[PDB]
There are 2 protein chains.
Amino acid sequence: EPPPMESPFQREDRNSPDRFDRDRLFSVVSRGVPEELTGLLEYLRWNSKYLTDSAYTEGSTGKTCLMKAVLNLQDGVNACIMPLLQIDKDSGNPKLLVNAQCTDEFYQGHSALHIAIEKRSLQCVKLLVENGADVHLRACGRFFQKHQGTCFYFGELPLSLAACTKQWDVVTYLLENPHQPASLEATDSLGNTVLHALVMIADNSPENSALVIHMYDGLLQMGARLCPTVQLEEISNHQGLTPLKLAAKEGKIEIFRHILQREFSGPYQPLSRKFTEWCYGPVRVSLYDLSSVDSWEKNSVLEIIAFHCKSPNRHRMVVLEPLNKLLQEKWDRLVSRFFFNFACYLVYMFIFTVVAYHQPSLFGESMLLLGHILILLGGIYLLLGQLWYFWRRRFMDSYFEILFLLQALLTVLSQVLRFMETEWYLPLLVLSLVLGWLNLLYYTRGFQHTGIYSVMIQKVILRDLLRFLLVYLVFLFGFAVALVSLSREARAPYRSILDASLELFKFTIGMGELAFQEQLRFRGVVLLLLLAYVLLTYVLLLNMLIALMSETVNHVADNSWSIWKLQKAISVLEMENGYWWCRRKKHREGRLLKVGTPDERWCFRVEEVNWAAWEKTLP
Amino acid sequence: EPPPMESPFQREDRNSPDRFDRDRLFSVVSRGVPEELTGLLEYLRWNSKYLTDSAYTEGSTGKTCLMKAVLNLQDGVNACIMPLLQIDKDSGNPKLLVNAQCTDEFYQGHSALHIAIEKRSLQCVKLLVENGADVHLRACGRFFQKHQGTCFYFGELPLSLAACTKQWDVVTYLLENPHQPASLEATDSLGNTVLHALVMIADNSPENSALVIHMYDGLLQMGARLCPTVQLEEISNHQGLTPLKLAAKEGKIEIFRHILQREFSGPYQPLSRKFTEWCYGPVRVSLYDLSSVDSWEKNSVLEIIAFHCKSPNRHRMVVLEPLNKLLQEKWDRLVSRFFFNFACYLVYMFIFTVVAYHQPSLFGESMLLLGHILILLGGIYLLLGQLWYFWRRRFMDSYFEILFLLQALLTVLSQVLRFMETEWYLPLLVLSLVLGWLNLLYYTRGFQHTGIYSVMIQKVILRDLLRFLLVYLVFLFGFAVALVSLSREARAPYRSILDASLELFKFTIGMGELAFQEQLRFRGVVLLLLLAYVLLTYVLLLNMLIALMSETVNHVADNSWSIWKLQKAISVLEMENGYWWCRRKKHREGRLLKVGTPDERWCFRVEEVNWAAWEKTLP
Ligand SMILES: C=C(C)[C@@H]1CCC(C)=C[C@H]1c1c(O)cc(CCCCC)cc1O
Ligand SMILES: C=C(C)[C@@H]1CCC(C)=C[C@H]1c1c(O)cc(CCCCC)cc1O
Ligand SMILES: NCCOB(c1ccccc1)c1ccccc1
Ligand SMILES: NCCOB(c1ccccc1)c1ccccc1
């Protein structure tokens, strides 16, 4: 268990002229008086130690006397910090105590400047900075990393901590002091910068969103005038993302939306992304920026939303522009490939159904052999394509992206059984055929009127059905074992465990026997136990029905269009790569315009019409 | 792709003493200074060109320099417009540049006056009008026409555009200027007048409704004093409608309600429609106006609501008065025809059932032959009536209006089979019989206690059932093909595709086999595939049930009375024409009263009692 960093009740632990112990030092510093600090210098120069040694620190963490001074800050000002740092300078230690930090696993690197910044005191921050404290000390402990349980994640920097805490004066003093200037370009471990730490502390609540949007714009505006020669929104962390991509991956929708369509009028225009070129009543035409939003480059916002994301908000980022217009422009160009692919799959499935039906038992024979050869070639091509897709991609939207493989694999496996002349090529093949018709359902995603209907009608969750089936199946097996064990002595029904399981399952499709057998010694108890099974199956079925109804009473129904748009987006980004043998050359979208200053950016126009805002701007 | 009409970033395109190119002209006009316009006149008189030629315009659209001047309007005033028009006048061109307009397809006819009116600047409008610009220039491009996608529909006139934008000062200046007076009577393409364009931009939202009601009343009041000799609410567009009928057709309920019962006290009384004659406590008697609201004339509000309308708000216009009282007065007079028609149909159906039941296999014989003759005559009369109804009418309310035809057609077709002595007159006839009993259900619309019950009990949508049946039927056919293909090799059930389809459908009515067949080589896989079919049919049925319940949970239930009133209104307006052989003379309803001034109007009194408003007017 990690010790607390300061505690008024639990004392510190030493576990790793006059005598002046560390306990008296902590006692006089915690109260906060400088008169009783006399005699420290003479004692240190007699014992030939330094104030940052192992004697004067909590050995379990590494907390020095200065951090106890700052942690006992009363009314924002401590009168002991200045003489303590002065006598530390007079001691002549090589390692300065102002920038000392802990060495424990929990609070590694946690300096005094972080404590002074968190205590919302500009005076202690000024006293620490003016006495030679570096402003790039990283807090690398487990307590300052994003994980479940007890943690407070910030960007492991004094400036990041000042940014996450909404205090503006401390951010300004760190950014433009003469004694020790910080930098917005400085990075911690995991590669994050201060524009990343704001994104990773965002939330979908409106207050936290307003906080992080305001402070993100503020830091970007100060980065415009402090270090204009560097693009602050293009520095990459160790995963390879940028702040826009990191907003896309984590599921933070609000700061992602604000970053995607921010606009500042005036001198701060060159760092905008949404430029409006004309507007006529309700219609407004805006030139959005496709820098790392299109799929022509490497991992971008579209692919990160499509594949590398696990969040319930991955279906609402697609709807907001300029992702909606971009994916609509991609779909209106690549719908022909989808329809031709669907027609080829339908022709392959028709020839499969013909071969499976008109088949001899164990010109027409030559036609059927050509059909078998064509089925084998189609199955091996589909198998190669699906194995390519999995190997490149190294969850319900991927559901139909695995069954294809089964409809491939079984098929080719069935055909090698046909080449082995066994008596099992007929089940697996026709089993494949059943799966194949189910596998056609994915191709409803390409048409509007049936795609919206499919997304609207999928009103049950798969995990609920697969849990209920498992519970009912264990129930059936247990009662089947009991019924076989009960009916062994004659005065025959329920002879084996499988037959008794079938005759028990027959009560769910609606045809059960339920009578005196007149062949069993214990036929009354058999009837009683069957009555118990019926009365329990009805409770289980009613519970499942009630649970599904309670699930479907209270949810919003507007997500149908968003989910359909996401499914179409995944299919578009899949087809944009091309086939595994005819790799499609990626076509850059947008036009290279000149906005501001020679600032040449890729731009993409969208024409949005909205009568409500136009009615609002009217008198 | 159409080019933008102005764009600060994308430059214009030429695609269709000192030199003074069009690029320098656009550069100096866009900034907005007049000092650098010097030397233009000498250059134009040396090169013998004009300022509106092809050289000085964006050839892709036809945009002139003046429209670039107005589109770069800063703080409402440009100092360049006045010298530009002055030097255009000094150039001596035959075609004036002030009223020049585009010639592209997308922005056809879009003048500078439209831009100045949209920019909400009275000063630029005054400068354009005073320098000789006609006020009847029509914007005929696709961008200014009502269609899906990107469009801004107004009445293609400067006055209509000033009317749709809620600005009052520009409307007044266009209406009463001495330099170039506009007119409320002027019409664009599609025949619309200014009062029509207000209706076609209306909406059911309260803010837009309040805007359009206020501005409609305002323009009507100004039309009272500018051009009193013309009725502004009687001009017909090219479809033949008036503003009231256009409000009825499009589904705009709020402006339709306001137009139907507007009243102004004082000097503006003669243009009202609802006159109150007396009011005593709560009861109030009002003389509404039946000008184009009754069905005695040509296409009126009642017929346009009844037939020529496709909107979800066609069942709420009937409930609001004076349509409610009018249709109640029609129904209380024409209920006898409905009941006599129902009794005649019931007698015809009883004789049909008797003939279908007491029929010999392949005095009583003469009676049955007379019954057959009467069935043939009734069927041919009903067929002639229904063919008349379709040919004159050249959707669920029309559903029962087609099945009659089938109950006609099959019947007469069955009888000609009886005259052909074939072995198929017995199925079709009795099939007709079944349909006819279903065809009786439409006649529940005439009685209150069962009509409200029928409208209340119709709680399912037909398209959902017809989609679910299609999905389940494809499912059944696919599994039937698989089951026939699997069971071919003996060690018999499931022999043909139709029999296997029937034995698979038997799991839905609640009687399935589900056992080891002991006759098939692959009987275990047959059992497994039947289990798969059962487990999938239950998922599909549960999904359909959940979807219907979710559609049922969250909806308003007050629409039963409105839908029943609409159905009764459709039946009344159908019977008012009369039979196809005894065309009923149309009877004018209301009385010819004299209200205001000799203003003789058809009027219809309604007695409305409402305790709530009377409680509000009390202290
Ligand atoms: C309302 C339910 C869920 C069913 C509806 C069908 C009928 C006949 C019985 C009801 C029922 C009970 O009312 C109570 C139990 C629990 C007692 C089990 C004793 C072994 C089971 C049980 O199926
Ligand atoms: C709760 C439902 C919808 C039914 C209720 C009746 C019973 C016995 C089974 C349930 C059920 C599953 O719980 C899961 C599936 C999907 C797995 C199919 C495997 C081929 C189907 C499936 O009918
Ligand atoms: N009064 C004789 C039956 O009328 B029905 C009826 C009677 C009173 C109130 C409402 C309806 C009726 C019964 C079943 C279906 C439809 C109508
Ligand atoms: N148009 C032919 C059938 O299309 B379907 C359809 C038609 C119109 C609107 C919506 C869907 C369809 C029917 C059942 C299931 C899925 C789709």
# chains A, B, ... in the order shown; residues from 1 in each chain; ligands from 1
>>> select_by_dssp(residues="range 283-402 of chain B", states="helix (DSSP H, G or I)", output="CSV table (one decimal) with N, CA, C and O atoms, in the first residue's frame")
chain,number,residue,atom,x,y,z
B,301,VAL,N,-60.8,23.7,-51.4
B,301,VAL,CA,-60.0,23.3,-50.3
B,301,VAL,C,-60.4,21.9,-49.8
B,301,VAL,O,-59.5,21.1,-49.5
B,302,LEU,N,-61.7,21.6,-49.9
B,302,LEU,CA,-62.2,20.3,-49.4
B,302,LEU,C,-61.7,19.2,-50.4
B,302,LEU,O,-61.2,18.1,-49.9
B,303,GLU,N,-61.8,19.4,-51.7
B,303,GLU,CA,-61.3,18.3,-52.6
B,303,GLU,C,-59.8,18.2,-52.6
B,303,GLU,O,-59.2,17.1,-52.8
B,304,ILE,N,-59.1,19.4,-52.5
B,304,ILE,CA,-57.6,19.4,-52.5
B,304,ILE,C,-57.1,18.7,-51.2
B,304,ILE,O,-56.1,17.9,-51.3
B,305,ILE,N,-57.7,18.9,-50.1
B,305,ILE,CA,-57.4,18.2,-48.9
B,305,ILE,C,-57.7,16.7,-49.1
B,305,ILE,O,-56.9,15.8,-48.7
B,306,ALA,N,-58.8,16.4,-49.7
B,306,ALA,CA,-59.3,15.0,-49.7
B,306,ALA,C,-58.4,14.2,-50.7
B,306,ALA,O,-58.0,13.1,-50.3
B,324,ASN,N,-65.0,21.4,-40.1
B,324,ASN,CA,-65.6,20.4,-39.3
B,324,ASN,C,-67.1,20.6,-39.4
B,324,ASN,O,-67.9,19.6,-39.6
B,325,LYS,N,-67.6,21.8,-39.2
B,325,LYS,CA,-69.1,22.0,-39.2
B,325,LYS,C,-69.6,21.8,-40.6
B,325,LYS,O,-70.7,21.3,-40.8
B,326,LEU,N,-68.9,22.2,-41.7
B,326,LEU,CA,-69.3,22.0,-43.0
B,326,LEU,C,-69.4,20.5,-43.4
B,326,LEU,O,-70.5,20.0,-43.9
B,327,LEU,N,-68.5,19.7,-43.0
B,327,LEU,CA,-68.5,18.2,-43.3
B,327,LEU,C,-69.5,17.5,-42.4
B,327,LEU,O,-70.1,16.6,-42.8
B,328,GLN,N,-69.8,18.0,-41.2
B,328,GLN,CA,-70.8,17.5,-40.3
B,328,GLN,C,-72.2,17.8,-40.9
B,328,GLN,O,-73.1,16.9,-40.9
B,329,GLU,N,-72.4,19.0,-41.5
B,329,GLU,CA,-73.6,19.3,-42.1
B,329,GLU,C,-73.8,18.5,-43.4
B,329,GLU,O,-75.0,18.2,-43.8
B,330,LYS,N,-72.8,18.2,-44.1
B,330,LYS,CA,-72.9,17.3,-45.3
B,330,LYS,C,-73.2,15.9,-44.9
B,330,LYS,O,-74.0,15.2,-45.5
B,331,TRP,N,-72.6,15.4,-43.8
B,331,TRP,CA,-72.8,14.0,-43.4
B,331,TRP,C,-74.2,13.8,-42.8
B,331,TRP,O,-74.8,12.8,-43.1
B,332,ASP,N,-74.7,14.8,-42.1
B,332,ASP,CA,-76.0,14.6,-41.5
B,332,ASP,C,-77.1,14.7,-42.6
B,332,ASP,O,-78.3,14.4,-42.3
B,333,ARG,N,-76.8,15.2,-43.8
B,333,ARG,CA,-77.7,15.1,-44.9
B,333,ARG,C,-77.5,13.9,-45.8
B,333,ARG,O,-78.5,13.4,-46.4
B,334,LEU,N,-76.3,13.4,-46.0
B,334,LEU,CA,-76.0,12.3,-46.9
B,334,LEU,C,-75.7,11.0,-46.2
B,334,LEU,O,-75.0,10.1,-46.7
B,335,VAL,N,-76.1,10.9,-44.9
B,335,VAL,CA,-76.0,9.6,-44.3
B,335,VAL,C,-77.0,8.6,-44.8
B,335,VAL,O,-76.8,7.4,-44.7
B,336,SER,N,-78.2,9.1,-45.3
B,336,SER,CA,-79.2,8.2,-45.8
B,336,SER,C,-78.7,7.4,-47.1
B,336,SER,O,-79.0,6.2,-47.2
B,337,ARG,N,-78.0,8.1,-48.0
B,337,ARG,CA,-77.4,7.4,-49.1
B,337,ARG,C,-76.4,6.4,-48.7
B,337,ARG,O,-76.3,5.3,-49.3
B,338,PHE,N,-75.6,6.7,-47.7
B,338,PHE,CA,-74.6,5.7,-47.2
B,338,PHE,C,-75.3,4.5,-46.6
B,338,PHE,O,-74.9,3.4,-46.9
B,339,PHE,N,-76.3,4.7,-45.9
B,339,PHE,CA,-77.0,3.5,-45.2
B,339,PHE,C,-77.7,2.7,-46.3
B,339,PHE,O,-77.7,1.5,-46.2
B,340,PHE,N,-78.4,3.4,-47.2
B,340,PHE,CA,-79.0,2.6,-48.3
B,340,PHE,C,-78.1,1.9,-49.2
B,340,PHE,O,-78.3,0.7,-49.6
B,341,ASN,N,-76.9,2.5,-49.4
B,341,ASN,CA,-75.8,1.8,-50.2
B,341,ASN,C,-75.3,0.6,-49.4
B,341,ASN,O,-75.1,-0.5,-50.0
B,342,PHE,N,-75.2,0.7,-48.1
B,342,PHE,CA,-74.7,-0.4,-47.3
B,342,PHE,C,-75.7,-1.5,-47.3
B,342,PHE,O,-75.4,-2.7,-47.3
B,343,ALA,N,-77.0,-1.2,-47.2
B,343,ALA,CA,-78.0,-2.2,-47.2
B,343,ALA,C,-78.1,-2.9,-48.5
B,343,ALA,O,-78.3,-4.2,-48.5
B,344,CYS,N,-78.0,-2.2,-49.6
B,344,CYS,CA,-77.9,-2.8,-50.9
B,344,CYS,C,-76.7,-3.8,-51.1
B,344,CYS,O,-76.9,-4.9,-51.6
B,345,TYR,N,-75.6,-3.3,-50.6
B,345,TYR,CA,-74.4,-4.2,-50.6
B,345,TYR,C,-74.6,-5.4,-49.7
B,345,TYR,O,-74.1,-6.5,-50.1
B,346,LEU,N,-75.2,-5.2,-48.6
B,346,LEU,CA,-75.4,-6.4,-47.7
B,346,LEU,C,-76.4,-7.4,-48.3
B,346,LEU,O,-76.2,-8.6,-48.1
B,347,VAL,N,-77.4,-6.9,-49.0
B,347,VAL,CA,-78.3,-7.8,-49.7
B,347,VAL,C,-77.6,-8.6,-50.8
B,347,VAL,O,-77.8,-9.8,-50.9
B,348,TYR,N,-76.8,-7.9,-51.6
B,348,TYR,CA,-76.0,-8.5,-52.6
B,348,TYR,C,-75.0,-9.5,-52.0
B,348,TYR,O,-74.9,-10.6,-52.6
B,349,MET,N,-74.4,-9.2,-50.9
B,349,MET,CA,-73.5,-10.2,-50.3
B,349,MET,C,-74.3,-11.4,-49.7
B,349,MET,O,-73.8,-12.5,-49.8
B,350,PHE,N,-75.5,-11.2,-49.2
B,350,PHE,CA,-76.2,-12.3,-48.7
B,350,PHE,C,-76.6,-13.3,-49.8
B,350,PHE,O,-76.6,-14.5,-49.7
B,351,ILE,N,-77.1,-12.7,-50.9
B,351,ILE,CA,-77.5,-13.6,-52.0
B,351,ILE,C,-76.2,-14.3,-52.6
B,351,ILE,O,-76.3,-15.4,-53.1
B,352,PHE,N,-75.1,-13.6,-52.6
B,352,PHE,CA,-73.8,-14.2,-53.0
B,352,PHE,C,-73.5,-15.4,-52.1
B,352,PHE,O,-73.0,-16.5,-52.6
B,353,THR,N,-73.6,-15.2,-50.8
B,353,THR,CA,-73.3,-16.3,-49.9
B,353,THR,C,-74.2,-17.5,-50.1
B,353,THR,O,-73.8,-18.7,-50.0
B,354,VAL,N,-75.5,-17.2,-50.3
B,354,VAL,CA,-76.5,-18.3,-50.5
B,354,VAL,C,-76.2,-19.1,-51.8
B,354,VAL,O,-76.2,-20.3,-51.8
B,355,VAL,N,-75.8,-18.4,-52.9
B,355,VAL,CA,-75.5,-19.0,-54.1
B,355,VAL,C,-74.2,-19.8,-54.0
B,355,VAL,O,-74.1,-20.9,-54.5
B,356,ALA,N,-73.2,-19.3,-53.3
B,356,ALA,CA,-72.0,-20.0,-53.1
B,356,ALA,C,-72.1,-21.2,-52.2
B,356,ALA,O,-71.4,-22.2,-52.4
B,357,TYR,N,-73.0,-21.2,-51.3
B,357,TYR,CA,-73.2,-22.4,-50.4
B,357,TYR,C,-74.1,-23.5,-51.0
B,357,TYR,O,-73.6,-24.6,-51.2
B,364,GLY,N,-86.0,-24.9,-57.3
B,364,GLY,CA,-84.8,-24.6,-56.7
B,364,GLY,C,-83.7,-24.2,-57.8
B,364,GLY,O,-82.9,-23.3,-57.6
B,365,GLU,N,-83.7,-25.0,-58.9
B,365,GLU,CA,-82.8,-24.7,-60.0
B,365,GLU,C,-83.1,-23.4,-60.6
B,365,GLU,O,-82.1,-22.6,-60.9
B,366,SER,N,-84.3,-23.0,-60.8
B,366,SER,CA,-84.7,-21.7,-61.4
B,366,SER,C,-84.3,-20.6,-60.4
B,366,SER,O,-83.9,-19.6,-60.9
B,367,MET,N,-84.6,-20.8,-59.1
B,367,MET,CA,-84.2,-19.8,-58.1
B,367,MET,C,-82.7,-19.6,-58.1
B,367,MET,O,-82.2,-18.4,-58.1
B,368,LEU,N,-81.9,-20.7,-58.2
B,368,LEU,CA,-80.5,-20.5,-58.3
B,368,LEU,C,-80.0,-19.9,-59.6
B,368,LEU,O,-79.0,-19.1,-59.6
B,369,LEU,N,-80.7,-20.1,-60.7
B,369,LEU,CA,-80.3,-19.5,-61.9
B,369,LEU,C,-80.6,-18.0,-61.9
B,369,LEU,O,-79.8,-17.2,-62.4
B,370,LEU,N,-81.7,-17.6,-61.3
B,370,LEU,CA,-82.0,-16.2,-61.0
B,370,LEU,C,-81.0,-15.6,-60.1
B,370,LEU,O,-80.6,-14.4,-60.3
B,371,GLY,N,-80.5,-16.3,-59.1
B,371,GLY,CA,-79.5,-15.9,-58.2
B,371,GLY,C,-78.2,-15.6,-59.0
B,371,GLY,O,-77.5,-14.6,-58.8
B,372,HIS,N,-77.8,-16.5,-59.9
B,372,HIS,CA,-76.6,-16.4,-60.7
B,372,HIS,C,-76.7,-15.1,-61.6
B,372,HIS,O,-75.7,-14.4,-61.8
B,373,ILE,N,-77.9,-14.9,-62.2
B,373,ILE,CA,-78.1,-13.8,-63.1
B,373,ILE,C,-77.9,-12.5,-62.2
B,373,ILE,O,-77.3,-11.5,-62.7
B,374,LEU,N,-78.5,-12.5,-61.0
B,374,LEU,CA,-78.4,-11.3,-60.2
B,374,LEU,C,-77.0,-11.0,-59.7
B,374,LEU,O,-76.6,-9.9,-59.6
B,375,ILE,N,-76.2,-12.1,-59.5
B,375,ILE,CA,-74.8,-11.9,-59.1
B,375,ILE,C,-74.0,-11.3,-60.3
B,375,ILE,O,-73.2,-10.5,-60.1
B,376,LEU,N,-74.3,-11.8,-61.5
B,376,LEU,CA,-73.6,-11.3,-62.7
B,376,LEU,C,-73.9,-9.8,-62.9
B,376,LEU,O,-73.0,-9.0,-63.2
B,377,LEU,N,-75.2,-9.4,-62.7
B,377,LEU,CA,-75.6,-8.0,-62.9
B,377,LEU,C,-75.0,-7.1,-61.8
B,377,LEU,O,-74.5,-6.0,-62.1
B,378,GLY,N,-75.0,-7.6,-60.6
B,378,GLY,CA,-74.4,-6.8,-59.5
B,378,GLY,C,-72.9,-6.7,-59.7
B,378,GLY,O,-72.3,-5.6,-59.5
B,379,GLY,N,-72.2,-7.7,-60.1
B,379,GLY,CA,-70.8,-7.7,-60.4
B,379,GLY,C,-70.4,-6.7,-61.5
B,379,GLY,O,-69.5,-5.9,-61.4
B,380,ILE,N,-71.2,-6.7,-62.6
B,380,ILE,CA,-70.9,-5.8,-63.7
B,380,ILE,C,-71.2,-4.4,-63.3
B,380,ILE,O,-70.5,-3.5,-63.7
B,381,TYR,N,-72.2,-4.1,-62.5
B,381,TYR,CA,-72.5,-2.8,-62.1
B,381,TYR,C,-71.4,-2.3,-61.2
B,381,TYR,O,-71.0,-1.1,-61.3
B,382,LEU,N,-71.0,-3.1,-60.2
B,382,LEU,CA,-69.9,-2.7,-59.3
B,382,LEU,C,-68.6,-2.4,-60.1
B,382,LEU,O,-67.8,-1.5,-59.8
B,383,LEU,N,-68.3,-3.3,-61.1
B,383,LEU,CA,-67.1,-3.1,-61.9
B,383,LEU,C,-67.2,-1.8,-62.7
B,383,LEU,O,-66.1,-1.1,-62.8
B,384,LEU,N,-68.3,-1.5,-63.3
B,384,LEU,CA,-68.4,-0.2,-64.0
B,384,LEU,C,-68.2,1.0,-63.1
B,384,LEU,O,-67.6,1.9,-63.4
B,385,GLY,N,-68.8,0.9,-61.9
B,385,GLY,CA,-68.6,2.0,-60.9
B,385,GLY,C,-67.2,2.2,-60.5
B,385,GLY,O,-66.7,3.3,-60.4
B,386,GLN,N,-66.5,1.1,-60.2
B,386,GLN,CA,-65.1,1.2,-59.8
B,386,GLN,C,-64.2,1.7,-60.9
B,386,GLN,O,-63.2,2.5,-60.7
B,387,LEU,N,-64.4,1.2,-62.1
B,387,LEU,CA,-63.6,1.7,-63.3
B,387,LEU,C,-63.9,3.2,-63.5
B,387,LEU,O,-63.0,4.0,-63.8
B,388,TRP,N,-65.1,3.6,-63.3
B,388,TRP,CA,-65.5,5.1,-63.4
B,388,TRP,C,-64.7,5.8,-62.3
B,388,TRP,O,-64.2,6.9,-62.5
B,389,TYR,N,-64.6,5.3,-61.1
B,389,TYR,CA,-64.0,6.0,-60.0
B,389,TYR,C,-62.5,6.1,-60.2
B,389,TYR,O,-61.9,7.2,-60.0
B,390,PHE,N,-61.8,5.1,-60.7
B,390,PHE,CA,-60.4,5.2,-61.1
B,390,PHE,C,-60.2,6.1,-62.3
B,390,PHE,O,-59.2,6.9,-62.2
B,391,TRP,N,-61.0,6.1,-63.3
B,391,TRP,CA,-60.8,6.9,-64.5
B,391,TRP,C,-61.0,8.4,-64.1
B,391,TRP,O,-60.4,9.3,-64.7
B,392,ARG,N,-62.0,8.7,-63.2
B,392,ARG,CA,-62.1,10.0,-62.8
B,392,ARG,C,-61.0,10.5,-61.9
B,392,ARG,O,-60.5,11.6,-61.9
B,396,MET,N,-53.7,4.7,-48.0
B,396,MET,CA,-54.4,3.6,-47.3
B,396,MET,C,-55.9,3.8,-47.3
B,396,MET,O,-56.6,2.8,-47.3
B,397,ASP,N,-56.3,5.1,-47.3
B,397,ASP,CA,-57.7,5.4,-47.5
B,397,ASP,C,-58.3,4.9,-48.8
B,397,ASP,O,-59.5,4.7,-48.9
B,398,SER,N,-57.5,4.8,-49.8
B,398,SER,CA,-57.9,4.2,-51.1
B,398,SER,C,-57.7,2.7,-51.2
B,398,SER,O,-58.1,2.1,-52.2
B,400,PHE,N,-59.3,0.1,-49.5
B,400,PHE,CA,-60.6,-0.5,-49.7
B,400,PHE,C,-61.3,0.0,-51.0
B,400,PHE,O,-62.2,-0.6,-51.4
B,401,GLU,N,-60.8,1.0,-51.6
B,401,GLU,CA,-61.3,1.5,-52.9
B,401,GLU,C,-60.8,0.8,-54.1
B,401,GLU,O,-61.2,1.1,-55.2
B,402,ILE,N,-59.8,-0.2,-53.9
B,402,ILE,CA,-59.4,-1.0,-55.0
B,402,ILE,C,-59.9,-2.4,-54.8
B,402,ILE,O,-60.2,-3.1,-55.8
>>> residues_around(residues="residue 511 in chain A", least_positions_apart="4", cutoff="9 Å", atoms="only C-alpha atoms", output="PyMOL selection string")
(chain A and resi 506-507) or (chain B and resi 510-513)
>>> write_last_selection(atoms="N, CA and C atoms", output="compact mmCIF listing (two decimals), in the first residue's frame")
# COMPACT_ATOMS: atom_id res chain seq x y z
N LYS A 506 -39.09 -30.46 -27.01
CA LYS A 506 -40.36 -30.39 -27.72
C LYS A 506 -41.42 -29.56 -27.00
N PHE A 507 -41.21 -29.22 -25.73
CA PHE A 507 -42.16 -28.36 -25.03
C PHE A 507 -42.00 -26.88 -25.37
N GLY B 510 -47.43 -23.86 -34.76
CA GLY B 510 -47.28 -24.58 -33.52
C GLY B 510 -47.43 -26.08 -33.58
N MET B 511 -47.02 -26.71 -34.68
CA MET B 511 -47.09 -28.17 -34.76
C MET B 511 -45.98 -28.66 -35.70
N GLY B 512 -44.82 -28.98 -35.14
CA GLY B 512 -43.70 -29.48 -35.89
C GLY B 512 -43.34 -30.91 -35.51
N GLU B 513 -42.62 -31.58 -36.42
CA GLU B 513 -42.28 -32.98 -36.19
C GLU B 513 -41.07 -33.13 -35.27
>>> atom_distance(atom1="CA of residue 100 in chain A", atom2="CA of residue 35 in chain A")
24.6 Å
>>> residues_near_ligand(ligand="ligand 2", cutoff="6 Å", atoms="only C-alpha atoms and all ligand atoms", output="list in words")
residues 465, 466, 468 and 469 of chain A; 532, 535, 536, 538, 539 and 542 of chain B
>>> interface_residues(of="chain A", to="chain B", cutoff="8 Å", atoms="only C-alpha atoms", output="ChimeraX atom specification")
/A:277-278,280-283,356-357,361-362,426-427,430-431,433-434,437,457-460,502,506,509-511,548-549,552-553,593-595,607-609,615,618-619
>>> atom_distance(atom1="CA of residue 239 in chain B", atom2="CA of residue 159 in chain B")
22.0 Å
>>> residues_near_ligand(ligand="ligand 4", cutoff="12 Å", atoms="only C-alpha atoms and all ligand atoms", output="VMD selection string")
(chain A and resid 441 to 457) or (chain B and resid 462 to 475)
>>> residues_around(residues="residue 85 in chain A", least_positions_apart="4", cutoff="8 Å", atoms="only C-alpha atoms", output="PyMOL selection string")
chain A and resi 66+81+89+97-98+131
>>> select_by_dssp(residues="range 193-408 of chain A", states="strand (DSSP E)", output="PyMOL selection string")
chain A and resi 275-280+283-289
>>> closest_residue(among="B:253, B:612, B:220, B:70", to="residue 163 in chain B", atoms="only C-alpha atoms")
B:220
>>> residues_around(residues="range 243-250 of chain B", least_positions_apart="5", cutoff="10 Å", atoms="only C-alpha atoms", output="ChimeraX atom specification")
/B:192-200,202,232-237,255-260,292-293,299-311,313-314,317
>>> residues_around(residues="residue 64 in chain A", least_positions_apart="5", cutoff="8 Å", atoms="only C-alpha atoms", output="list in words")
residues 52, 56, 57, 58, 97, 100 and 101 of chain A
>>> write_last_selection(atoms="C-alpha atoms", output="short mmCIF file (atom, residue, chain, number, x, y, z; two decimals), in the first residue's frame")
data_model
loop_
_atom_site.label_atom_id
_atom_site.label_comp_id
_atom_site.auth_asym_id
_atom_site.auth_seq_id
_atom_site.Cartn_x
_atom_site.Cartn_y
_atom_site.Cartn_z
CA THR A 52 18.43 16.82 0.61
CA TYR A 56 16.10 14.65 6.02
CA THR A 57 13.56 12.87 3.81
CA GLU A 58 10.76 10.34 4.08
CA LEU A 97 16.77 20.91 -3.32
CA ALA A 100 14.29 17.56 -5.91
CA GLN A 101 11.68 14.90 -6.53
#
